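[1] Quick one, what's the 3D model for this:
(4 chains)
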Amino acid sequence: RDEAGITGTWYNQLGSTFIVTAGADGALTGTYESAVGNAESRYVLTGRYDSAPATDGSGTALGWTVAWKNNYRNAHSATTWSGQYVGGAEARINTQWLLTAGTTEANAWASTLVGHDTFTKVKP
Amino acid sequence: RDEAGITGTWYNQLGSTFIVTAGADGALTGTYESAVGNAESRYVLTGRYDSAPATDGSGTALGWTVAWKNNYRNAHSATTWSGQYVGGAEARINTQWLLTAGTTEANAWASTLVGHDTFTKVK
Amino acid sequence: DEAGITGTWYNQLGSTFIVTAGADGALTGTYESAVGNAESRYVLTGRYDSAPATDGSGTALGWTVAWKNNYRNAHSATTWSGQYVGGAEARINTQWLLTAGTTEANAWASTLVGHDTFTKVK
Amino acid sequence: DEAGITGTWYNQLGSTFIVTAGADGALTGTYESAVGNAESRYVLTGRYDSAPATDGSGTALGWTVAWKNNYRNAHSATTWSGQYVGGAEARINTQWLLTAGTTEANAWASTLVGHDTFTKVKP
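    Numbers count the residues shown, from 1 in each chain, chains lettered A, B, ... in the order given. Here you go:
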């Protein structure tokens, strides 16, 4: 388990804030606050992680989702982050993400942005 | 919202089976069974959807995650699907996905597959 | 194969992909997009595996269009990465990335991803 | 940006990208990968926006390598899509898709996705 390691507050290269708890049976629960886009304050996130990773120095696979609706705004969109947690002095979660917006069928070719976020326990 | 429309069993183009409950608060919970890769039986999934979508006939944005560990197997990996639900007679969830495996730092450039899954109510 | 790839292809959106595959592994031709900030034909260039596996695998390829021609400039570029699969029902199965020139501030939102399947008839 | 893009670039893995930007929007050159099933230099071709915006935006570009040369054939191709940012920190920021030739049964796992940043300084 990297339950110890994952749980807590993380920061990406944009200044976004990711607060998460890793449960014992593979759950990720928390809130996400984005520094960019059509977003204000905290959004619910849920995800999953590998609770029994390989002990061979490999990272721990995880992922989570945010739907960009809360008590402030609704951006009619959702982001999934897919990546791995890497332990050590400078712990890191390296991710790629997909951000899909609800579109009409004629616009659906342009529904989905892709990008990458690196999270550290210390802000930039 | 699409709570009723989304809740149920979905099948993708590979024969994979998505069983999902959409909650009133925007939650998705259920099980995923992959017909492909290093997987057997059901895996837990959790995700979110837009519980108050646009009414201009847009899709409903959603996403979910599966970590590929259950009682039977552990593939040391996780998939996320990001996409949108389109309701109607031929209801569809159109998704793109990222599958990341735990890797060493030297192999991290090769950690993440990308693909697309289209889910339908009937196989 | 050279001649199997060479020719006119159509995707699920009604776009038109006209390509010649060189013996040197080159792809050259033109792309006409049915959607987005585009009109008329655009130059494309790419590469393909000119000596693929013989075990029934497809043939890897990729190409780029920058969305500038004599009519329009959308300050963006698409790359398609995929594989050609021969046979009665010949297909090129691709995923693509479309990056627009952005400011540094908006760079997180620079790139769309999608998937196009090309066939020999519409 | 033709003079600015033209040159020898290195990514964070130490791969070498030698490119020439043409007047007519062409990119031509060689790529040498520090990782995967690769040896020596491979032909690349691509395109860039030869008349970009004047508003501080980057220059959109992309290129393709097929991983066949005289030394090796990985039966795969990578495309990089990104933008050139001029000036102080001269940078090409890209995302990439690496597709292998696969059987139809394995086509779900045909494509890797990643990100590479290029600078003229070898790290």
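
[2] who touches residue A:65 in this structure?
    A:45-47, A:78-81, B:46-48, B:62-65, B:80, B:82 (CB atoms under 8 Å, 6 or more residues apart in numbering or on different chains). All C-beta spots, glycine's among them, are computed from the backbone N, C-alpha and C.

[3] would you list every one of the strands in chain A?
    Assigned by DSSP state E, the strands in chain A fall at A:8-11, A:17-22, A:27-33, A:43-49, A:60-69, A:74-86, A:92-101, A:112-120.

[4] Tell me which of the ones you listed sits most buried.
    Neighbour counts (mean count of other CB atoms under 10 Å in any protein chain shown) averaged over each of the strands of chain A peak at strand A:60-69, with a mean of 29.

[5] ok and the residue in chain A nearest chain C?
    Across chain A, the shortest distance to chain C (CB to the nearest CB) belongs to residue A:114, at 4.0 Å.

[6] interface residues of chain A facing chain C?
    A:14, A:36, A:37, A:98, A:106, A:109, A:110, A:111, A:112, A:113, A:114, A:115 (CB under 8 Å from any CB of the partner chain).

[7] picking up where we left off before, roughly how far apart are the residue of chain A closest to chain C and chain B?
    Applying CB to the nearest CB, to the nearest Å, the value for residue A:114 to chain B is 8 Å.

[8] Name the residues linked to that residue by a beta bridge.
    residue A:98 (DSSP bridges).

[9] Over to residue A:69?
    Those that pair with residue A:69 in a beta bridge, by DSSP bridges, are residue A:74.

[10] List the contacts of it.
    Taking CB under 8 Å, 6+ apart as the test, what residue A:69 contacts is A:43, A:75, A:76, B:26, B:50, B:51, B:52.

[11] redo that, cut-off 10 Å
    A:43-44, A:75-78, B:25-26, B:48-53, B:61 (CB atoms under 10 Å, 6 or more residues apart in numbering or on different chains).

[12] How about residue A:53?
    A:1-2, A:59-62, A:84-85, A:87, B:69, B:74, B:76, B:102.

[13] repeat for residue A:4
    Applying CB under 10 Å, 6+ apart, the residues near residue A:4 are A:22, A:87.

[14] at 6 Å instead, please
    By CB atoms under 6 Å, 6 or more residues apart in numbering or on different chains, no residues touch residue A:4.

[15] Tell me the spacing between it and chain D.
    Relative to chain D, and taking CB to the nearest CB, residue A:4 is found at 29 Å.

[16] again, but for residue A:81
    As defined by CB to the nearest CB, residue A:81 lies at a distance of 13 Å from chain D.

[17] Also residue A:120?
    16 Å.

[18] beta partners for that residue?
    Per DSSP bridges, residues listed as beta-bridge partners of residue A:120: residue A:11, residue A:92.

[19] is it true that residue A:86 touches residue A:118?
    No. If you go by CB atoms under 6 Å, residue A:86 and residue A:118 don't touch, sitting 10.1 Å apart.

[20] Who are the contact partners of the residue of chain A closest to chain C?
    A:98, C:111, C:113 are the contacts of residue A:114 under CB under 6 Å, 6+ apart.

[21] Let's see that with 10 Å instead.
    Per CB under 10 Å, 6+ apart, neighbours of residue A:114: A:96-99, B:82, B:96, B:98, B:114, C:97-99, C:110-114, D:81, D:95, D:97, D:113, D:115.

[22] Those residues of chain A touching chain D, which are they?
    Residues of chain A lying close to chain D by CB under 10 Å from any CB of the partner chain are A:82, A:94, A:96, A:98, A:114, A:115, A:116.
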